[PDB]
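[1] Below is the structure, and that's it, no one-letter string:
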Ligand SMILES: *[C@@H]1O[C@H](CO)[C@@H](O)[C@H](O)[C@H]1NC(C)=O
């Protein structure tokens, strides 16, 4: 079976390229605005540096 | 027994800048080759 005609088909495909960049502040997330809590968070500072 | 001082020539209080002065060892533990973070009563820089 040999074709005797043709069609020019345009297909659309979508690909995600990136996602929303995000940043997090340990101090104001965990220890919202209290100094007493933020002092206790210093010993865990390494974790946030991760 | 005390006596006041009378020959006084006073001016307003002069101010100067603390160039990263006033730091003290926060504890009596030997630490070497390390970056240590501490929160305490410190003289703020400048
Ligand atoms: C001068 O000395 C007396 C006591 O020695 C004291 O009572 C007085 O307050 C002094 N003068 C001033 C202005 O303080």
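    In hand now; what should we look at? Residues are numbered from 1 along each chain as shown, chains lettered A, B, ... in the order given.
[2] which SS class is residue A:37?
    For residue A:37, the assignment made with DSSP: H, G, I helix; E, B strand; the rest coil gives helix.
[3] That one and residue A:24, how far apart?
    17 Å (Cβ to Cβ, to the nearest Å). (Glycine included, C-beta is placed from N, CA and C.)
[4] For those two, indicate the residue with more neighbours.
    residue A:37 (12 against 7; other Cβ atoms under 10 Å in any protein chain shown).
[5] and the spatially closest residue to that one that is not a sequence neighbour, how many neighbours does it have?
    Computed as Cβ to Cβ, 6 or more residues apart in numbering or on different chains, the closest residue to residue A:37 that is not its neighbour in sequence is residue A:31, at 3.4 Å. Using other Cβ under 10 Å, residue A:31 has 15 neighbouring residues.
[6] Could you check how far residue A:31 is from residue A:39?
    For residue A:31, the distance to residue A:39 - Cβ to Cβ - is 9 Å.
[7] do the same with residue A:46
    16 Å.
[8] These two - which one has more neighbours?
    residue A:39 (12 against 9).
[9] Skipping adjacent residues, who's closest to that one in space?
    Distances taken as Cβ to Cβ, 6+ apart put residue B:39 closest to residue A:39, at 5.4 Å, once the chain neighbours are dropped.
[10] again, but for residue B:19
    Residue B:19 sits nearest to residue B:46 (Cβ to Cβ, 6+ apart), 7.0 Å away.
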